[PDB]
Amino acid sequence: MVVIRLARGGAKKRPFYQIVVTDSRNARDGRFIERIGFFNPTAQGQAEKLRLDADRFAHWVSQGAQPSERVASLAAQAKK
Amino acid sequence: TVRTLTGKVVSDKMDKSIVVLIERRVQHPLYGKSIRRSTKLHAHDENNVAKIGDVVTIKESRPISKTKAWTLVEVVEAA
Amino acid sequence: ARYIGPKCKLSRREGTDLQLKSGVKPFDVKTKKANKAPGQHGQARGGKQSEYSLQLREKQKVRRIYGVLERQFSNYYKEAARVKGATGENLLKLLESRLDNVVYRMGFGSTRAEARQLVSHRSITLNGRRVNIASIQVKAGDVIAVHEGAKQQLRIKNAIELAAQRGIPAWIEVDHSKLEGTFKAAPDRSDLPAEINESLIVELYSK
Amino acid sequence: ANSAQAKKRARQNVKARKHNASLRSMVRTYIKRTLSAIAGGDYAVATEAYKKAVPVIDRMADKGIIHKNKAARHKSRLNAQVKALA
RNA sequence: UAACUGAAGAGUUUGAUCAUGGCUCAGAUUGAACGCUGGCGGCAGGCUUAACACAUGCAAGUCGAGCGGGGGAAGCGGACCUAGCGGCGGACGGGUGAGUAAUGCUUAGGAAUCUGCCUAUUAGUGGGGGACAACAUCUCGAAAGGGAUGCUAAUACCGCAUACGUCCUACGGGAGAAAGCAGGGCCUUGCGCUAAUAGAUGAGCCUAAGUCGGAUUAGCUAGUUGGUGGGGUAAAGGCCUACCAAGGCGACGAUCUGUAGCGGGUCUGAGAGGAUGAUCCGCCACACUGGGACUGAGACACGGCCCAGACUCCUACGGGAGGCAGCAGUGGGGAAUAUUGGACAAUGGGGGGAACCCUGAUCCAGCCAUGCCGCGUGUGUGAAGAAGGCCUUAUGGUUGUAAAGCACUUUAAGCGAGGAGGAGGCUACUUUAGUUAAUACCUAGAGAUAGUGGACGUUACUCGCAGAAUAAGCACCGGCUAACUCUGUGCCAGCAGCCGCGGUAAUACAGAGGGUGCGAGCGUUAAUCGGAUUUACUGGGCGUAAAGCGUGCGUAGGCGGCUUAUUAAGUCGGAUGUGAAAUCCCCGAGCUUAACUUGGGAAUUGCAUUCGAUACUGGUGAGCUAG
Ligand SMILES: [Mg+2]
Ligand SMILES: [Mg+2]
Ligand SMILES: [Mg+2]
Ligand SMILES: [Mg+2]
Ligand SMILES: [Mg+2]
Ligand SMILES: [Mg+2]
Ligand SMILES: [Mg+2]
Ligand SMILES: [Mg+2]
Ligand SMILES: [Mg+2]
Ligand SMILES: [Mg+2]
Ligand SMILES: [Mg+2]
Ligand SMILES: [Mg+2]
Ligand SMILES: [Mg+2]
Ligand SMILES: [Mg+2]
Ligand SMILES: [Mg+2]
Ligand SMILES: [Mg+2]
Ligand SMILES: [Mg+2]
Ligand SMILES: [Mg+2]
Ligand SMILES: [Mg+2]
Ligand SMILES: [Mg+2]
Ligand SMILES: [Mg+2]
Ligand SMILES: [Mg+2]
Ligand SMILES: [Mg+2]
Ligand SMILES: [Mg+2]
Ligand SMILES: [Mg+2]
Ligand SMILES: [Mg+2]
Ligand SMILES: [Mg+2]
Ligand SMILES: [Mg+2]
Ligand SMILES: [Mg+2]
Ligand SMILES: [Mg+2]
Ligand SMILES: [Mg+2]
Ligand SMILES: [Mg+2]
Ligand SMILES: [Mg+2]
Ligand SMILES: [Mg+2]
Ligand SMILES: [Mg+2]
């Protein structure tokens, strides 16, 4: 199954997520097919908090991908 | 969308099969002069048309046997 | 780590003032052994001083003016050799933008080794927040201002006199009234001394 | 097997293997009868040994016991050897 | 706008000199180890040696809304639990580098293939049978585990029927599936099951060119190279086999032997090169040693099966068990490398309609100066230049504003108080689409009131309190190389990277006083590149320093006169695809700064495809006469 999930690479105690389309069997931080944005839960000052490219999101959803429950909430949080 | 090579027949002693020799002029990595390099490909004949000393164009295909994956296309200059 | 030892002993080795031990009756007349190098054979006779001792000597002088140990100073040089100016004056720019140095010019504190005691001890409010790092680079527009919580200790009222009578540079817009700084842009290599030679430091760091 | 479900899987493996071997044997048996009729040379006995094998082969390729690409091959190569009888 | 900026020498052969030529030194780096010393925080990193043997716990389950049996609480019915059958998972995630010199990897391209779950679209789901576990009685055994006999459900198994499209066809025709369950009112949605297509994804196969030594290894092959018929595979193919033919590879290094996982990258260097392949990402291989197959969409399966070997363990001698190169840990080897910790709160993974269960992945915490980065160990004054120590022309000089004394300050550690963020959501309570008999149920979306949910965690951070109080060492001082004197010793004791010191004035040994460099570190050993133009492509030599074969002739090879037409292989230009991400570099954004993290670029100048240009080199044809 192709899915859309968050890959976690930041620093210890301050995480930074990539929004990534990938076969669900690969390791969380391993091989992937495409990256379509990013998510920063801390995001001080002039730093972005979320950025999701949505035309590629729609393309992959319609090809059969399954967004996670956090990426499905962030795609509704965006475009708002 | 089918890549081809042109080269000199060097054997035909086998049924339905030639052996082309392809030559290539390639510049050397550290001293950059030039080199003559050669590779012999086993290619597939059908009517046994090509003869030793001939120059022929071959193209790639699916395997035909163990060590044969090129098919003859024409005899460009029969000699 | 810092340096904690005789202050004017390092002034006699370098032959210049080095601006330590700030006082109203220094005139560099607080040692009376001045212009005599330290120790047993201090100025015994002439000195060879051949082409690696002069480079190292002036680098040591610069370092001891500002209180920077060798690792940090090497990092400064490496950063200055990277900017697209010229390695020479980038270094002095980087060294004059520190916190304790900027707060020493502004008059709070007599010597730099006490401007550091003020910054480190959480008594300075850069852009409204009590920072306690001594080497923070101060950029164009930083408001340096004394913390309202210690504007009474009498270490300041003499430091603000000794500051007067003295310089008031062309890149800090101070006023010893409410104790607020407003750092300008950094200075160029015409507002600081010209004995400080830095064509030798670039060749010292490139042997 | 150091788990409960590991030996349950081993246990089911054995039933499945016993049940599959019978059906593979069954397919080979009918291919053998068709082939030993093709040796005889009788076009009619052969076309009647072929009509009793095709349903068995297709039934067993539907259950997954063989691949359907393999049943297709057996059907084609066994029909091209009784057409060449007469 | 930036993404570029680049290159140093010294000592040592002589009485002296110039050259040659080695040796040594100053730099950067490390998964380091050792010695002396040791306050703190942030980020990382932590068996490189024995792919050595492994005690103990944990690392893969889940579903009662597929199915019979059971069980105990509670008031004969509701709820609740689970040994067995059945589904799905266990082929991922995690470890390690033994084998592998090309069936691997990298770069660029292909056909002849299959693909659970997921998305889309089409035709369906009809009616019957016979079993086996559990269970109930026997039964061998110390145990583990079987053995007999009956009895049973099912989305377990097998016929029969019917198939839009699917398979074979000689175009006439022939062949082949499936299963129920749940929630609300037979009819409705859901969740499933069957057949097919094509997308996603994932895997198998092919080709060309690159990928470490050795000729003190020159011949190697006999299913070996090719073809036809048959078998075999998901699929091309000597993959297999019977015949027919005889071939195929090799000085452009075959065969044989040694070593080795490969790449993105990392270190060094001005570059060109040279070393290397820990940590992070991709691919391959392996799982105590060798040989197999089963089940499955997928394995020839790390915590699965069979049988061979070794090896360990229990035993009642009847009989059996096992595989840390998963996380912790033990023994051993070694110069050397950590806790038998916490939670699933977050990101993922498995199962489930959900509730929720599992997860040594992961997120965290403990230990270690192992590295990088940052902070502290106080700040002013202070000339009776106190005493003491050391040198000394005996008076002075130096340690030295250094210390005291006096005046302050309290960063971080400590003791008290407040306190974000990492949690989006879910449950209730209203309301509006949605399909439908339907405003039920069930999927969606809007609203304010509450309830609930953090392992880290005494969190970061903020604010108070007391007092300089709790916090400095190591190497060196003849030249190279920054920095000098005294005493002890007498070629002894000793030092030493190189030159070399030491035989009674030792700036070179040992202590002492002074100084120099670095600083929570400082020295030594080991290793790589540099300096080394000291293997020289960039970029060296060969009369006498090392170096022209004793001399010819000639094979492969390399190179080759002049004019012209043509070709377009080398050469040059443009366009298109590719060159994973991370890393390096440049702008700039969060960390109080900095390390660090991160947005965007630039770069990856290599590869392939295609369209052009013809001066030069090559090919082809035609001419010439200086060789
Ligand atoms: Mg092959
Ligand atoms: Mg099960
Ligand atoms: Mg159960
Ligand atoms: Mg290996
Ligand atoms: Mg069934
Ligand atoms: Mg039927
Ligand atoms: Mg049925
Ligand atoms: Mg053939
Ligand atoms: Mg065949
Ligand atoms: Mg054959
Ligand atoms: Mg060889
Ligand atoms: Mg090896
Ligand atoms: Mg060089
Ligand atoms: Mg399966
Ligand atoms: Mg199978
Ligand atoms: Mg397994
Ligand atoms: Mg194990
Ligand atoms: Mg272990
Ligand atoms: Mg030991
Ligand atoms: Mg979890
Ligand atoms: Mg504190
Ligand atoms: Mg919170
Ligand atoms: Mg000297
Ligand atoms: Mg003496
Ligand atoms: Mg000595
Ligand atoms: Mg430090
Ligand atoms: Mg070199
Ligand atoms: Mg030479
Ligand atoms: Mg000679
Ligand atoms: Mg001669
Ligand atoms: Mg010749
Ligand atoms: Mg030629
Ligand atoms: Mg060309
Ligand atoms: Mg890249
Ligand atoms: Mg001619």
# chains A, B, ... in the order shown; residues from 1 in each chain; ligands from 1
$ residues_near_ligand --ligand "ligand 20" --cutoff "8 Å" --atoms "only C-alpha atoms (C1' of nucleotides) and all ligand atoms" --output "NGL selection string"
:E and (344 or 346-348 or 359)
$ interface_residues --of "chain E" --to "chain D" --cutoff "7 Å" --atoms "only C-alpha atoms (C1' of nucleotides)" --output "number ranges by chain"
E: 167-168, 175-176, 294-295, 304
$ write_last_selection --atoms "C-alpha atoms (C1' of nucleotides)" --output "PDB file, in the first residue's frame"
ATOM      1  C1'   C E 167      -8.657 -19.711 -20.810  1.00  0.00           C
ATOM      2  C1'   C E 168      -7.956 -23.218 -25.369  1.00  0.00           C
ATOM      3  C1'   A E 175     -13.556 -25.295 -20.371  1.00  0.00           C
ATOM      4  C1'   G E 176     -13.637 -22.958 -15.523  1.00  0.00           C
ATOM      5  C1'   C E 294       6.751 -27.060   2.120  1.00  0.00           C
ATOM      6  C1'   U E 295       3.109 -23.260   2.838  1.00  0.00           C
ATOM      7  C1'   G E 304       9.525 -21.901  10.658  1.00  0.00           C
TER       8        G E 304
END
$ residues_near_ligand --ligand "ligand 23" --cutoff "10 Å" --atoms "only C-alpha atoms (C1' of nucleotides) and all ligand atoms" --output "list in words"
residues 47, 48, 49, 50, 52 and 53 of chain C; 477, 478, 479, 480, 481, 482 and 483 of chain E
$ write_last_selection --atoms "N, CA, C and O atoms (P, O5', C5', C4', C3', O3' and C1' of nucleotides)" --output "PDB file, in the first residue's frame"
ATOM      1  N   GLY C  47      67.050  41.677  21.518  1.00  0.00           N
ATOM      2  CA  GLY C  47      66.323  40.470  21.160  1.00  0.00           C
ATOM      3  C   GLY C  47      66.324  40.256  19.664  1.00  0.00           C
ATOM      4  O   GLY C  47      66.078  41.184  18.893  1.00  0.00           O
ATOM      5  N   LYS C  48      66.615  39.016  19.265  1.00  0.00           N
ATOM      6  CA  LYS C  48      66.632  38.643  17.855  1.00  0.00           C
ATOM      7  C   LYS C  48      65.307  38.979  17.184  1.00  0.00           C
ATOM      8  O   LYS C  48      65.251  39.797  16.262  1.00  0.00           O
ATOM      9  N   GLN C  49      64.224  38.367  17.658  1.00  0.00           N
ATOM     10  CA  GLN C  49      62.880  38.650  17.169  1.00  0.00           C
ATOM     11  C   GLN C  49      62.817  38.464  15.656  1.00  0.00           C
ATOM     12  O   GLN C  49      62.681  39.415  14.889  1.00  0.00           O
ATOM     13  N   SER C  50      62.957  37.214  15.237  1.00  0.00           N
ATOM     14  CA  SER C  50      63.145  36.877  13.833  1.00  0.00           C
ATOM     15  C   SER C  50      61.886  36.247  13.249  1.00  0.00           C
ATOM     16  O   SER C  50      61.760  35.025  13.186  1.00  0.00           O
ATOM     17  N   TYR C  52      59.067  35.131  13.208  1.00  0.00           N
ATOM     18  CA  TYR C  52      57.977  34.307  13.700  1.00  0.00           C
ATOM     19  C   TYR C  52      57.658  34.797  15.093  1.00  0.00           C
ATOM     20  O   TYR C  52      56.541  34.636  15.583  1.00  0.00           O
ATOM     21  N   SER C  53      58.638  35.415  15.739  1.00  0.00           N
ATOM     22  CA  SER C  53      58.365  35.996  17.037  1.00  0.00           C
ATOM     23  C   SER C  53      57.603  37.304  16.916  1.00  0.00           C
ATOM     24  O   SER C  53      56.837  37.649  17.812  1.00  0.00           O
TER      25      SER C  53
ATOM     26  P     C E 477      62.703  21.783  26.254  1.00  0.00           P
ATOM     27  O5'   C E 477      62.936  23.330  26.466  1.00  0.00           O
ATOM     28  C5'   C E 477      63.234  24.194  25.385  1.00  0.00           C
ATOM     29  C4'   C E 477      63.359  25.615  25.857  1.00  0.00           C
ATOM     30  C3'   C E 477      64.526  25.909  26.766  1.00  0.00           C
ATOM     31  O3'   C E 477      65.728  26.088  26.048  1.00  0.00           O
ATOM     32  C1'   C E 477      62.570  26.930  27.607  1.00  0.00           C
ATOM     33  P     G E 478      67.000  25.180  26.370  1.00  0.00           P
ATOM     34  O5'   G E 478      67.917  25.312  25.083  1.00  0.00           O
ATOM     35  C5'   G E 478      68.969  26.260  25.044  1.00  0.00           C
ATOM     36  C4'   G E 478      69.894  26.035  23.880  1.00  0.00           C
ATOM     37  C3'   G E 478      69.267  26.100  22.508  1.00  0.00           C
ATOM     38  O3'   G E 478      69.046  27.424  22.075  1.00  0.00           O
ATOM     39  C1'   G E 478      70.762  24.279  22.626  1.00  0.00           C
ATOM     40  P     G E 479      67.729  27.787  21.246  1.00  0.00           P
ATOM     41  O5'   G E 479      68.047  27.302  19.772  1.00  0.00           O
ATOM     42  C5'   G E 479      68.954  28.007  18.940  1.00  0.00           C
ATOM     43  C4'   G E 479      69.185  27.272  17.650  1.00  0.00           C
ATOM     44  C3'   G E 479      67.945  26.959  16.834  1.00  0.00           C
ATOM     45  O3'   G E 479      67.510  28.042  16.037  1.00  0.00           O
ATOM     46  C1'   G E 479      69.258  25.020  17.027  1.00  0.00           C
ATOM     47  P     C E 480      66.021  28.596  16.197  1.00  0.00           P
ATOM     48  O5'   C E 480      65.210  27.825  15.081  1.00  0.00           O
ATOM     49  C5'   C E 480      65.824  27.468  13.863  1.00  0.00           C
ATOM     50  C4'   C E 480      65.338  26.136  13.358  1.00  0.00           C
ATOM     51  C3'   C E 480      63.863  25.852  13.511  1.00  0.00           C
ATOM     52  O3'   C E 480      63.078  26.528  12.548  1.00  0.00           O
ATOM     53  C1'   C E 480      65.104  23.942  14.135  1.00  0.00           C
ATOM     54  P     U E 481      61.604  27.066  12.892  1.00  0.00           P
ATOM     55  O5'   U E 481      61.695  27.702  14.341  1.00  0.00           O
ATOM     56  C5'   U E 481      60.580  28.396  14.878  1.00  0.00           C
ATOM     57  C4'   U E 481      60.626  28.491  16.377  1.00  0.00           C
ATOM     58  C3'   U E 481      62.000  28.695  16.985  1.00  0.00           C
ATOM     59  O3'   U E 481      61.878  29.494  18.162  1.00  0.00           O
ATOM     60  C1'   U E 481      61.082  26.664  17.777  1.00  0.00           C
ATOM     61  P     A E 482      61.904  31.094  18.067  1.00  0.00           P
ATOM     62  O5'   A E 482      60.486  31.531  18.647  1.00  0.00           O
ATOM     63  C5'   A E 482      60.208  32.863  19.050  1.00  0.00           C
ATOM     64  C4'   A E 482      59.319  32.897  20.265  1.00  0.00           C
ATOM     65  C3'   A E 482      59.998  32.546  21.574  1.00  0.00           C
ATOM     66  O3'   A E 482      60.582  33.677  22.186  1.00  0.00           O
ATOM     67  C1'   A E 482      57.995  31.314  21.354  1.00  0.00           C
ATOM     68  P     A E 483      62.163  33.836  22.244  1.00  0.00           P
ATOM     69  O5'   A E 483      62.453  34.023  23.790  1.00  0.00           O
ATOM     70  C5'   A E 483      61.427  34.428  24.676  1.00  0.00           C
ATOM     71  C4'   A E 483      61.223  33.427  25.780  1.00  0.00           C
ATOM     72  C3'   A E 483      62.473  32.782  26.341  1.00  0.00           C
ATOM     73  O3'   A E 483      63.054  33.578  27.355  1.00  0.00           O
ATOM     74  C1'   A E 483      60.795  31.143  25.954  1.00  0.00           C
TER      75        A E 483
END
$ closest_atom_pairs --of "chain C" --to "ligand 26" --cutoff "12 Å" --atoms "only C-alpha atoms and all ligand atoms" --output "Markdown table"
| residue | atom | partner | partner_atom_place_in_ligand_line | distance |
| --- | --- | --- | --- | --- |
| C:1 | CA | ligand 26 | 1 (Mg) | 7.3 |
| C:2 | CA | ligand 26 | 1 (Mg) | 10.5 |
| C:68 | CA | ligand 26 | 1 (Mg) | 11.9 |
| C:69 | CA | ligand 26 | 1 (Mg) | 9.5 |
| C:70 | CA | ligand 26 | 1 (Mg) | 10.2 |
| C:71 | CA | ligand 26 | 1 (Mg) | 8.0 |
| C:72 | CA | ligand 26 | 1 (Mg) | 9.0 |
$ interface_residues --of "chain E" --to "chain C" --cutoff "8 Å" --atoms "only C-alpha atoms (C1' of nucleotides)" --output "MDAnalysis selection string"
chainID E and resid 8 375:379 391 398:399 401:402 408:411 482 484:485 514:515 518:520 592:593
$ residues_near_ligand --ligand "ligand 29" --cutoff "9 Å" --atoms "only C-alpha atoms (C1' of nucleotides) and all ligand atoms" --output "list in words"
residues 542, 544, 545, 546 and 547 of chain E
$ residues_near_ligand --ligand "ligand 2" --cutoff "10 Å" --atoms "only C-alpha atoms (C1' of nucleotides) and all ligand atoms" --output "ChimeraX atom specification"
/D:4-6,8-9 /E:61-63,86-89
$ residues_near_ligand --ligand "ligand 31" --cutoff "10 Å" --atoms "only C-alpha atoms (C1' of nucleotides) and all ligand atoms" --output "list in words"
residues 555, 556, 557 and 558 of chain E
$ residues_around --residues "segment 424-438 of chain E" --least-positions-apart "4" --cutoff "12 Å" --atoms "only C-alpha atoms (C1' of nucleotides)" --output "list in words"
residues 41, 69, 70, 71, 72, 73, 74, 76 and 77 of chain A; 184, 185, 187, 188, 189, 345, 346, 355, 442, 443, 444, 445, 446, 447, 448, 449, 450, 451, 452 and 453 of chain E
$ write_last_selection --atoms "C-alpha atoms (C1' of nucleotides)" --output "PDB file, in the first residue's frame"
ATOM      1  CA  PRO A  41       5.194  21.833  15.436  1.00  0.00           C
ATOM      2  CA  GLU A  69      -4.527  10.282  10.603  1.00  0.00           C
ATOM      3  CA  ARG A  70      -2.084  13.125  11.276  1.00  0.00           C
ATOM      4  CA  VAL A  71      -1.545  13.933   7.600  1.00  0.00           C
ATOM      5  CA  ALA A  72      -5.283  13.822   6.980  1.00  0.00           C
ATOM      6  CA  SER A  73      -5.738  16.339   9.779  1.00  0.00           C
ATOM      7  CA  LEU A  74      -2.926  18.523   8.466  1.00  0.00           C
ATOM      8  CA  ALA A  76      -7.610  19.870   6.452  1.00  0.00           C
ATOM      9  CA  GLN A  77      -5.691  22.316   8.643  1.00  0.00           C
TER      10      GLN A  77
ATOM     11  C1'   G E 184     -31.122  -0.555  12.146  1.00  0.00           C
ATOM     12  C1'   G E 185     -36.221  -1.264  10.391  1.00  0.00           C
ATOM     13  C1'   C E 187     -35.701  -3.903   2.816  1.00  0.00           C
ATOM     14  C1'   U E 188     -31.861  -1.333   3.678  1.00  0.00           C
ATOM     15  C1'   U E 189     -26.969   0.100   4.207  1.00  0.00           C
ATOM     16  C1'   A E 345       2.462  10.204  25.268  1.00  0.00           C
ATOM     17  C1'   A E 346       4.496  11.356  19.853  1.00  0.00           C
ATOM     18  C1'   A E 355     -13.426  -0.233  21.843  1.00  0.00           C
ATOM     19  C1'   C E 442     -24.641   4.281   8.789  1.00  0.00           C
ATOM     20  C1'   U E 443     -20.600   7.753   6.227  1.00  0.00           C
ATOM     21  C1'   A E 444     -19.527  13.370   5.940  1.00  0.00           C
ATOM     22  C1'   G E 445     -19.471  18.671   7.578  1.00  0.00           C
ATOM     23  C1'   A E 446     -20.339  22.979  10.373  1.00  0.00           C
ATOM     24  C1'   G E 447     -21.272  25.172  17.328  1.00  0.00           C
ATOM     25  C1'   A E 448     -20.347  26.368  22.508  1.00  0.00           C
ATOM     26  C1'   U E 449     -20.392  23.999  27.118  1.00  0.00           C
ATOM     27  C1'   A E 450     -17.941  20.750  29.713  1.00  0.00           C
ATOM     28  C1'   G E 451     -14.959  15.908  30.515  1.00  0.00           C
ATOM     29  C1'   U E 452     -10.346  13.143  29.085  1.00  0.00           C
ATOM     30  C1'   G E 453      -5.467  12.245  27.338  1.00  0.00           C
TER      31        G E 453
END
$ interface_residues --of "chain E" --to "chain A" --cutoff "6 Å" --atoms "only C-alpha atoms (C1' of nucleotides)" --output "MDAnalysis selection string"
chainID E and resid 92 118:119 200 348 589 597
$ write_last_selection --atoms "C-alpha atoms (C1' of nucleotides)" --output "PDB file, in the first residue's frame"
ATOM      1  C1'   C E  92       8.245  -5.899   7.250  1.00  0.00           C
ATOM      2  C1'   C E 118      -4.992   0.020  -1.964  1.00  0.00           C
ATOM      3  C1'   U E 119      -7.882   3.138  -6.127  1.00  0.00           C
ATOM      4  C1'   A E 200      -0.267   2.319  -7.839  1.00  0.00           C
ATOM      5  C1'   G E 348       5.377   4.721  12.161  1.00  0.00           C
ATOM      6  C1'   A E 589      15.032  31.312   9.543  1.00  0.00           C
ATOM      7  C1'   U E 597      18.357  21.934  13.111  1.00  0.00           C
TER       8        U E 597
END
